[PDB]
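K.L.:
Once you've had a glance at the structure underneath, I'll fire off some questions.
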Ligand code: SF4
Ligand code: SF4
Ligand code: SF4
Ligand code: SF4
Ligand SMILES: [Zn+2]
C-alpha cells in the first residue's frame, strides 16, 4: 500500500503511510483471525525485504511472529503460517558482490519450530517472467535489468508487477540463487 | 436561494454538475450531514433540478464552472 | 553616505481594508494599520463538503486557505 504512494516497507517495524500500523501488527492480527475462525489453510505469508542481500535476518524476524499460536481447526494441519518462496527470502550479505546463502540459518529456525511450514522457490535457470503482487520488488528489478515492466495497482486492496527476467547460467548471482533452494531442501530434517 | 436553468437540448448526461454541486456533496461528504436535499439528478440523460422553489442554491458557480460544454446559466437576480 | 530612501511609500486610505498583511510582513515595521472590526471567526472544517472553494475565492483579505495535503511518509495518521 505504501507503494501506492511510491514507498516500500523495508522492514517488519515501519508504519504504513497514514495508517500507522506495521507489518508485524497486521501479520499478527491476520494470524489471530485465521486461527480463531479455524480456516482450512493457514496465513500464507510472502514477507518483506524480498530479493535483496542480507534479508535472512528479516526473514527470521517475520518467522518469529508465530511463537504464540496453535492451529485449531477440525482439519488436520500443524502449521499456523506458511512462509512461501523462501529461497527468495534467504539471502545474505550486503550487495551482489558480497552475496551468499542464509539457507542454513533459515532451515535451522524451521527445523526448530513445528508450527512453521515452508516451500522452496527453486530457480530452474531459464528465461521467465516474474509476477508478484507487490510493486516495489518488480520496480526495483526493472531498474536493475532495464526490461519491460507492468504495474497494476488495485483500488483499496493490492498492487502488482510483471517483469521479464533472465536466470541464465552465466552469472554468479543466478548460480547462487540456484544453489540456495537446493541447500534449503537438502537441509530439511522433516 | 437563486435560480439555475439547464439547457436540456445540449445536456449530455455527463453528471459533473451533480458531482460538483457543494449542496449535493453535503450528504455523503460531511461530518454529521445537516441537510440531505439535492439540486440536480440526471434523469433520462439530462440534468434535472429538483430544487424547484429555489431554496438551496447559493450562487457558488461550481456547477456552471463544471459543465464541460457550458449549458448551465446561473441567475443572480430574483426570479 | 548613510541612507538612500529614494521616493516614498504610503497607503491609499479609501482602499485599504485593515488586513494587516503588509504591516505583519513589512520588513521595518513602518506601517500602522488597525483593523476596523474586532471579534472572532471559526471554521468547522469537518462540515465543508470538499470541492467548494467559494470562500477561498471570495475572501477579500485572502485569509482563507485550503490546508495543503501532506506528502506520504509524513501524514502520521492525521
Ligand atoms: S450554484 Fe453552487 S449551490 Fe447552486 S446549484 Fe450550482 S453548485 Fe449547487
Ligand atoms: S454538467 Fe452540463 S452537460 Fe453535464 S449533466 Fe450537468 S448540465 Fe448536462
Ligand atoms: S496590506 Fe493591508 S494595510 Fe496594506 S494596503 Fe493591503 S489591506 Fe491595507
Ligand atoms: S465555501 Fe468554503 S466553507 Fe463554504 S461550503 Fe465551500 S468549502 Fe465549505
Ligand atoms: Zn511472493
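Since every read-out is calculated from the coordinates, none of them should be taken as a lab result. Note that we place each Cβ from the backbone using ideal geometry, even for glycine, and neighbour counts take in every protein chain shown.
K.L.:
Taking the alpha-carbon set of the protein assembly as shown, what are its Rg and Dmax in Å?
P.N.:
In order Rg, Dmax, the Cα atoms of the protein assembly as shown give 31.4, 96 Å.
K.L.:
So what is the calculated 222 nm ellipticity per residue for chain A, using -39500 (n - 2.57) for each DSSP H run with n of 4 or more, over all residues, to the nearest 500 deg cm²/dmol? Let's see the in-between values first.
P.N.:
On the way: 6 runs with 63 residues, N = 190.
Roughly -10000 deg cm²/dmol at 222 nm, from the helical runs in chain A.
K.L.:
A follow-up question, please. Inside 10 Å of the C-beta atoms of C:42-55, what's the mean count of C-beta atoms belonging to other chains?
P.N.:
Partner Cβ neighbours, averaged per residue: 5.
K.L.:
If you line up the Cα atoms of chain A on their principal axes, what length do they span on each, largest first, in Å?
P.N.:
48, 42, 27
K.L.:
To continue, here is another question. What 222 nm value per residue comes from the helices of chain C, counting each DSSP H run with n ≥ 4 as -39,500 (n - 2.57) and dividing by all residues, nearest 500 deg cm²/dmol?
P.N.:
-2500 deg cm²/dmol
K.L.:
In vacuum, with every alpha carbon of chain B counted as one equal point scatterer, what does the Debye formula give for log10 I(q)/I(0) at q = 0.24, 0.25, 0.26 Å⁻¹? Two decimals, please.
P.N.:
Taken in order of the listed q values, log10 I(q)/I(0) reads -1.19, -1.28, -1.36.
K.L.:
To continue, here is another question. Sort A:184, A:39, A:50, B:28 so that the residue with the fewest other Cβ atoms within 10 Å of its own Cβ comes first and the one with the most comes last.
P.N.:
So the ranking, lowest neighbour count to highest, is B:28, A:39, A:50, A:184.
K.L.:
Also, quick follow-up: Kindly put A:109, B:69 in sequence by how many other C-beta atoms sit within 10 Å of each C-beta, fewest to most.
P.N.:
B:69, A:109
K.L.:
With bins 10 Å wide starting at 0, give me the P(r) of the stretch A:38-140 over every alpha carbon pair, in whole percents.
P.N.:
Over the stretch A:38-140, the share of Cα pairs per 10 Å bin runs 14, 43, 31, 11, 1 percent.
K.L.:
For chain A, what relative contact order do you get, as a whole percent, if you take Cα pairs closer than 8 Å and at least 6 residues apart?
P.N.:
That works out to 20 percent.
K.L.:
Let me ask something else about it. Averaging over all projection directions, find the projected area of the Cα convex hull of the stretch A:89-190 and quote it in nm² with one decimal place.
P.N.:
7.9 nm²
K.L.:
Tell me the relative contact order for chain B as a rounded percent, counting alpha carbon contacts under 8 Å between residues six or more apart.
P.N.:
On the way: 131 pairs, mean separation 36.3, N = 79.
Computed value for chain B: 46 percent relative contact order.
K.L.:
Another one. Per residue of A:13-25, count partner chain C-beta atoms within 10 Å of its C-beta, then hand back the mean as an integer. Walk me through the numbers before you get to the answer.
P.N.:
Values: counts 0, 1, 3, 4, 8, 8, 2, 4, 1, 0, 0, 0, 0.
That average works out to 2.
K.L.:
Still on this structure: What order do you get for A:171-177, C:37-43, C:19-25 when each peptide is scored by the mean count of other beta carbon atoms within 10 Å, highest first? Before the final figure, lay out the partial values.
P.N.:
Details: A:171-177: 15.0, C:37-43: 5.9, C:19-25: 12.6.
Descending mean neighbour count gives A:171-177, C:19-25, C:37-43.
K.L.:
What share of all Cα pairs of the stretch C:14-54, in percent, falls into each consecutive 5 Å distance bin?
P.N.:
Percent of Cα pairs in each bin: 5, 16, 17, 15, 14, 16, 11, 6, 0.
K.L.:
What's the Cα-based Rg to Rh of chain C, Rh via Kirkwood?
P.N.:
1.12
K.L.:
Let me ask something additional. When DSSP beta bridges are limited to those with both residues in the protein assembly as shown, what percentage is antiparallel, rounded to the nearest 5?
P.N.:
The answer is about 75 percent antiparallel.
K.L.:
Across the residues of C:67-73, average count of Cβ atoms on other protein chains within 10 Å?
P.N.:
Numbers: counts 0, 0, 0, 2, 4, 8, 9.
For peptide C:67-73, the averaged partner shielding equals 3.
K.L.:
Within chain A, what percent of beta bridges assigned by DSSP are antiparallel, to the nearest 5?
P.N.:
Around 60 percent of the beta bridges assigned by DSSP in chain A are antiparallel ones.
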